[PDB]
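For reference, coords_14.cif is printed below; it contains mmCIF, C-alpha atoms.
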```cif
data_protein
#
loop_
_atom_site.label_atom_id
_atom_site.label_comp_id
_atom_site.auth_asym_id
_atom_site.auth_seq_id
_atom_site.Cartn_x
_atom_site.Cartn_y
_atom_site.Cartn_z
CA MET K 1 -20.24 13.74 -14.05
CA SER K 2 -21.35 12.83 -17.57
CA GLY K 3 -18.64 12.63 -20.21
CA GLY K 4 -15.22 13.36 -18.77
CA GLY K 5 -16.06 14.03 -15.15
CA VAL K 6 -16.30 10.41 -14.08
CA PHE K 7 -13.82 9.27 -16.72
CA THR K 8 -11.17 11.69 -15.43
CA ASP K 9 -11.85 10.34 -11.93
CA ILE K 10 -11.23 6.93 -13.39
CA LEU K 11 -8.08 8.40 -14.84
CA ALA K 12 -7.29 9.90 -11.47
CA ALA K 13 -7.89 6.56 -9.82
CA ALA K 14 -5.83 4.51 -12.29
CA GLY K 15 -3.16 7.17 -12.27
CA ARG K 16 -3.19 7.01 -8.50
CA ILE K 17 -3.34 3.23 -8.66
CA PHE K 18 -0.49 2.98 -11.04
CA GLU K 19 1.26 5.71 -9.08
CA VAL K 20 1.08 3.92 -5.75
CA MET K 21 1.92 0.88 -7.84
CA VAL K 22 4.92 2.78 -9.13
CA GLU K 23 6.18 3.75 -5.68
CA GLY K 24 6.31 0.09 -4.83
CA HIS K 25 8.15 -0.51 -8.07
CA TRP K 26 10.99 1.68 -6.88
CA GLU K 27 10.72 0.10 -3.48
CA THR K 28 12.35 -3.01 -4.85
CA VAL K 29 14.74 -0.94 -6.96
CA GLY K 30 16.69 -0.12 -3.85
CA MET K 31 17.86 -3.66 -4.58
CA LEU K 32 18.21 -4.07 -8.35
CA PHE K 33 19.17 -0.42 -8.66
CA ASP K 34 21.69 -0.85 -5.88
CA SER K 35 23.34 -3.64 -7.85
CA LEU K 36 24.34 -0.97 -10.36
CA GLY K 37 23.53 2.34 -8.73
CA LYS K 38 25.40 2.18 -5.48
CA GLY K 39 28.34 0.39 -6.96
CA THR K 40 27.93 2.22 -10.22
CA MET K 41 28.51 5.56 -8.50
CA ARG K 42 32.08 4.35 -8.06
CA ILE K 43 32.30 3.38 -11.72
CA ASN K 44 31.02 6.77 -12.81
CA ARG K 45 33.17 8.70 -10.33
CA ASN K 46 36.22 6.87 -11.57
CA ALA K 47 34.87 7.22 -15.10
CA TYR K 48 34.72 10.91 -14.24
CA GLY K 49 37.88 11.29 -12.15
CA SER K 50 39.57 12.18 -15.43
CA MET K 51 37.46 10.59 -18.16
CA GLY K 52 34.65 13.04 -17.48
CA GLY K 53 36.70 16.18 -17.02
CA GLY K 54 39.66 15.96 -19.36
CA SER K 55 39.21 13.30 -22.03
CA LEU K 56 35.60 14.06 -22.91
CA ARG K 57 34.99 16.83 -20.37
CA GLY K 58 31.31 15.97 -20.78
CA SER K 59 31.24 18.12 -23.91
#
```

Would it be possible to restate this file's structure as structure tokens?
Amino acid sequence: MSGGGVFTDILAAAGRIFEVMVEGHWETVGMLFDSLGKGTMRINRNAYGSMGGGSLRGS
């Protein structure tokens, strides 16, 4: 554990810290994201009901 052994564990810890920290980040997103993810789905669908299959056809 001299060199990168411990350091990688530190990396593993922080990564895991940040990771569990990240999960919580998206926990609140179900709110902010919903403001333009749930309702957006409608925007996109409509924006795709013809705009994304005939006008631009996504290509």

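Coordinates place atom CA of residue K:38 at a distance of 28.9 Å from atom CA of residue K:17.
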
Rounded to one decimal, what separation in Å do you get between atom CA of residue K:48 and atom CA of residue K:36? 16.2 Å

Correct to one decimal, the distance atom CA of residue K:47-atom CA of residue K:35 is 17.4 Å

Emit as lines of an AutoDock Vina configuration file the padded axis-aligned box for all listed atoms of stretch 5-14 of chain K, 6 Å per side, with centre and edge lengths in Å to one decimal.
```
center_x = -11.1
center_y = 9.3
center_z = -13.3
size_x = 22.5
size_y = 21.5
size_z = 18.9
```
